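Novice: Can you look at this? It's an experimental structure, sequence on top.
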Amino acid sequence: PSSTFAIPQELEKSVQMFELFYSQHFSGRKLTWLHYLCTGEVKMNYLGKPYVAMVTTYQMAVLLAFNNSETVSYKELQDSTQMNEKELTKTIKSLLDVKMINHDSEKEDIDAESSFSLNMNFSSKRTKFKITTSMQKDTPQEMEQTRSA
Amino acid sequence: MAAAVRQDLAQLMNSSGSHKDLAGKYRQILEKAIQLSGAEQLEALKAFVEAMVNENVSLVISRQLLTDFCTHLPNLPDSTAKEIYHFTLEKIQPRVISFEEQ
Amino acid sequence: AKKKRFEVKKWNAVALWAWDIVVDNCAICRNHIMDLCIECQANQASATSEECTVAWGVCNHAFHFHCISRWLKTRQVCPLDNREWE
Amino acid sequence: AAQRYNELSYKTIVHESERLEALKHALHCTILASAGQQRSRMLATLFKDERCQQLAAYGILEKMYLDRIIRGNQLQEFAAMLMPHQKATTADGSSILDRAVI
Ligand SMILES: [Zn+2]
Ligand SMILES: [Zn+2]
Ligand SMILES: [Zn+2]
C-alpha cells in the first residue's frame, strides 16, 4: 500500500488522460494501477542555460505554496494530504538522516510547517566522499528490507 | 441584468490571495448563502462547487468540504440538488481519481 | 537562486502482482483456469490461460461441463455466473 | 424461475407475504409455460400446497394436474390474473402464455 497523493494536473495529464487514450490503446486489456512511472525532467531557464535535471518531491509542493502564498501550514495541509503512514518509520529515518533537504523543521510526530526553503544544495559537500545525494534510501533499500520477504 | 449575483460571487472570487483567503471566504459566505433561498441559493451551490475545483484549493480541503456539503445536502430541494449533482459530476470526472468518495 | 528546486522526479514503490482482474478458475470444480480439465479432454479445445472450460457468452455460465451440470440438474438455477450450465 | 420461486417459497426465514409472493410467482411460472418434466414435478409439488389452494389460480393448476385441455374460460380467468408484462404478444401470434397453452 502507498500513501494518498494529490496527483496534480500534469500528473493527471500524464497518466489519467492516458487512461482515456489507453482505452483507445487497449480495449479489453484492462488496467492494474501503477503510479510509479510518473515521469519528470526539468528544463529550466532560471539561469541563462536551460538545464535538464531531476530533483525531489516536496519543494514542488513548496513551489506551489509559493505561487499561491509564501507558506502552506501543516494543519490544513495535513488535513488535505492524509498519507497512509505505513512506511513512515523508514521515511522518517531517511529524512532525518539525510539533512540534505532544505526543510522547515523535522520533528518526530508532526512537522508543523511544510513551506520548505530555497535551493540550498548542489551535488556534493566534498569530493573524496561526503558525496551522497539525491535521496538514495528508497531506491536500493527496498530489496534490503524485502530480504525477509 | 441577471449577472448581478454571479458578479458578486465572482468579485468574492477575484481575490488573488492564499488558499486560506479564498477557502475561508467561500466557506463562510457560502455557508451563509447556500442556506439561503432562491437564485442566491442556487448560485451559491454552483459557486461552492466551482470554488472546490482548484488544485490551489488542494484536494482534501475540496474532498472534506464536499463531505460537509453532502451533509448539508438535505437542506436543499430536489431539483436544485439534481443540478448540483450534474455540475458536480462535471467537476469530478476531471479528477474522479481524487474524488471517488464524492 | 533558482536552478534546482525539487521538481518532478520518477519515483517507484511497490504496486502490483498477477493482477486484480480476478478472474476465476470455474469454481464448481476447480481445475486451474489455464489447465485443460477432464471435461475438455474428450473435447480437447485450444484453451486459454484464463479458459479452463469457460465460455462467458450468451451461454455465460460455462464451467466444467458435467460438474457445472451436476450443480445445474438438482435445481436449475446455477448461480455462480447465474445461467444454465455448459 | 419455477424452481427459484418455489424453493424460495418453501424456506421459512423470509416474511410470510414474501413466501406466498414467491409461491404465486411459482404459480405464474406454472401457467405461463407448458410443462417440462422436472417443471411438471415442481408443478405437482405446488399442487400439494394448501397455500396454493389459498392462491387464485389453483383451479388452473388443478386442470394442469388433471391433464386437462385448457378451454378459453379458465384461460381468460388466469388472463385476468396476469401482470401486463406477462401478457406479452411479441409478434409470435398468440402470447407466450397462449402458445404454451396450445
Ligand atoms: Zn489437464
Ligand atoms: Zn464435460
Ligand atoms: Zn476457463
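Specialist: The structure has been received and is ready for your questions. Numbering: from 1, shown residues only, chains lettered A, B, ... in the order given. Ligands and ions are numbered 1, 2, ... in the order given.
Novice: how about the helices of chain C, start to end?
Specialist: Here chain C has its helices, by DSSP state H, at C:65-73.
Novice: I misspoke; the intended subject was chain D.
Specialist: Under DSSP H, chain D gives helices at D:2-9, D:16-31, D:37-47, D:50-53, D:58-65, D:72-80, D:96-101.
Novice: In the longest one, which residues are buried?
Specialist: Residues of helix D:16-31 classed as buried by neighbour count (16 or more other Cβ atoms under 10 Å in any protein chain shown): D:19-20, D:22-31. Placement of C-beta: from N, CA and C, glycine included.
Novice: follow-up on the earlier one: looking at the helices of chain D, which is closest to residue B:33?
Specialist: Of all these, helix D:16-31 sits nearest to residue B:33, with 47.9 Å by Cβ to Cβ.
Novice: Determine if any part of that closest one is in contact with chain C.
Specialist: No. Looking at helix D:16-31 against chain C by Cβ under 8 Å from any Cβ of the partner chain, there are no contacts, and the closest approach is 11.2 Å.
Novice: What helices and strands are in contact with that helix?
Specialist: helix D:2-9, helix D:37-47, helix D:50-53, helix D:58-65 (3 or more Cβ pairs under 8 Å, 6 or more residues apart in numbering or on different chains; DSSP states H and E).
Novice: Most tightly packed of the ones you listed?
Specialist: The highest mean neighbour count among the helices and strands packed on helix D:16-31, using mean count of other Cβ atoms under 10 Å in any protein chain shown, belongs to helix D:2-9: a mean of 20.
Novice: And it, how far out from the chain middle?
Specialist: In this view, helix D:2-9 has its centroid 12 Å away from the chain centroid, taken as Cα atoms, centre = their mean, to the nearest Å.
Novice: List the contacts of that helix.
Specialist: C:75-77, D:14, D:19-23, D:25-26, D:28-30, D:38-39, D:42-43, D:45-46, D:51 (Cβ atoms under 8 Å, 6 or more residues apart in numbering or on different chains).
Novice: one step back: distance to residue B:93 for the helices of chain D - can I get that in CSV?
Specialist: Output for the helices of chain D, formatted as CSV (distance: least, Cβ to Cβ, whole Å):
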stretch, distance to residue B:93
helix D:2-9, 39
helix D:16-31, 40
helix D:37-47, 48
helix D:50-53, 51
helix D:58-65, 53
helix D:72-80, 49
helix D:96-101, 43
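Novice: Would you mind giving the buried residues of helix D:16-31 as CSV with distance to ligand 2 added?
Specialist: Listed next are the buried residues of helix D:16-31 as CSV, based on distance: Cβ to the ion, whole Å:
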residue, distance to ligand 2
D:19, 37
D:20, 39
D:22, 33
D:23, 35
D:24, 37
D:25, 33
D:26, 31
D:27, 35
D:28, 34
D:29, 29
D:30, 32
D:31, 35
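Novice: mind putting those in JSON lines, distance to residue A:140 included?
Specialist: Conversion of the buried residues of helix D:16-31 to JSON lines gives the following (distance: Cβ to Cβ, whole Å):
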{"residue": "D:19", "distance to residue A:140": "66"}
{"residue": "D:20", "distance to residue A:140": "70"}
{"residue": "D:22", "distance to residue A:140": "64"}
{"residue": "D:23", "distance to residue A:140": "69"}
{"residue": "D:24", "distance to residue A:140": "70"}
{"residue": "D:25", "distance to residue A:140": "66"}
{"residue": "D:26", "distance to residue A:140": "67"}
{"residue": "D:27", "distance to residue A:140": "72"}
{"residue": "D:28", "distance to residue A:140": "69"}
{"residue": "D:29", "distance to residue A:140": "67"}
{"residue": "D:30", "distance to residue A:140": "72"}
{"residue": "D:31", "distance to residue A:140": "74"}
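Novice: Closest one of those to residue A:123?
Specialist: Distance to residue A:123 across the buried residues of helix D:16-31 (Cβ to Cβ) is lowest for residue D:22, with 76.3 Å.
Novice: And the closest one, how far from residue C:72?
Specialist: As judged by Cβ to Cβ, to the nearest Å, residue D:22 and residue C:72 stand 21 Å apart.
Novice: what's the answer for residue C:43, then?
Specialist: The span separating residue C:43 from residue C:72 equals 18 Å under the rule Cβ to Cβ.
Novice: Of these two, give the one with the bigger neighbour count.
Specialist: Taking neighbours as other Cβ atoms under 10 Å in any protein chain shown, residue C:43 and residue C:72 compare with residue C:72 leading, 19 against 12.
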